[PDB]
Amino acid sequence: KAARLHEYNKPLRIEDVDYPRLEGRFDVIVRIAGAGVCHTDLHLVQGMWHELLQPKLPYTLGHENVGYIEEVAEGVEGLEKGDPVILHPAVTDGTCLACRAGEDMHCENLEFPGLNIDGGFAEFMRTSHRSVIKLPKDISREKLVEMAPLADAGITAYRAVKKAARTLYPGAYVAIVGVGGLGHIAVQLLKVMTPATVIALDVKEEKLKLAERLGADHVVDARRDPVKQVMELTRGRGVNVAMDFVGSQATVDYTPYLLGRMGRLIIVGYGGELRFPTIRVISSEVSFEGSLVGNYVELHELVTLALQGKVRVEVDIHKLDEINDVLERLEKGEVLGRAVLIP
């Protein structure tokens, strides 16, 4: 069984696929325990990545994966059948210069299960041993599934929060915009990784309440003049860092206007077009900084935090065959935190 995109703007088809083949850079087959559903999956179905990615249809979605080793190629070391694992979403060579510098997402021969090739919305998936991080041998299936969103939502929030932390200090304000699958993790990470005052923005009451439970110092309903609210909270100074974990035209429109002098907007969500006068860029000396997933070391560090119990994903557990219900709900803002699908 697998959930596959045959056509854009249609439901995924839940159907039988062949067992994955060990081949080429794919030397590990994982039995999926939990597969996170990302807003990127909505964008994928919508066709947003067609131009840039040009993938062969059909293919199985799912790029946020935990599971157990099923089978490995001869020569793969340190991995036996049954070993619990989390998967970095990039499959990379380790040979090009970016890889030699540790930047997995900038590797010249990158493949990405669930984005441009078959992913984890399936009973089994192939990946590379270089993408595997081993989890404690005794981890419970329940705890393992709970960690699935660390593989994409969490690692992306973590790298972005690392960026943020560089200019945050006590008394600094950070606006975290969008308390969603990524953003609710970022609220937690901002509190663990910086001493900054955290202002969380969203447009559903239950998500604002989730942000408070997770440590946000202030919450702002962005349906009601978010710039004015944030300017009030910051005594007209604006925020030192804003982080857009939504990426809609709406948020990309207003988030640059949250920034104070030498303010930085970390752009994580996508879909909208950035439009901002350069005279403001220079007169405020602000920056707009993309952040992309994260690297292997960053996933290892985030897994450590989770194992220490310092970050915990809010997870809504569903079955693989419920994927279309879950995607519909995610489009409508009806998923609190992160949905994760299980076989």
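Residues carry their position along the shown sequence, with the first being 1.
Undergrad: Using only C-alpha atoms and the B-factors in the entry, which stretch averages higher, 145-153 or 93-101?
TA: Looking at the recorded C-alpha B-factors, 93-101 comes out higher on average.
Undergrad: Which is higher on mean Cα B factor in this entry, 310-318 or 283-291?
TA: Mean CA B-factor is higher for 310-318.
Undergrad: Can you tell me which of 250, 239, 267, 76 has the maximum CA B-factor listed in the PDB entry?
TA: The C-alpha B-factor peaks, among 250, 239, 267, 76, at 76.
Undergrad: Looking at 174, 139, 177, 258, which one carries the largest C-alpha B-factor according to the PDB entry?
TA: Highest C-alpha B-factor among the listed residues goes to 139.
Undergrad: Using the temperature factors of the C-alpha atoms in this entry, rank residue 183 within its chain: lowest, middle or highest third.
TA: As the PDB entry reports it, the C-alpha B-factor of residue 183 lands in the lowest third of its chain.
Undergrad: What third of the chain, by the recorded C-alpha B-factor, contains residue 212?
TA: Ranked within chain, residue 212 CA B lands in the middle tercile.
Undergrad: Within this chain's modelled residues, let me know which third the CA B factor of residue 58 belongs to: lowest, middle or highest.
TA: Answer is highest: the recorded C-alpha B-factor places it there.
Undergrad: Among the modelled residues of this chain, does the Cα B factor of residue 341 put it in the lowest, middle or highest third?
TA: It belongs to the middle third of the chain when residues are ordered by C-alpha B-factor.
Undergrad: Within this chain's modelled residues, let me know which third the CA B factor of residue 218 belongs to: lowest, middle or highest.
TA: According to the entry, residue 218 has a C-alpha B-factor in the chain's middle third.
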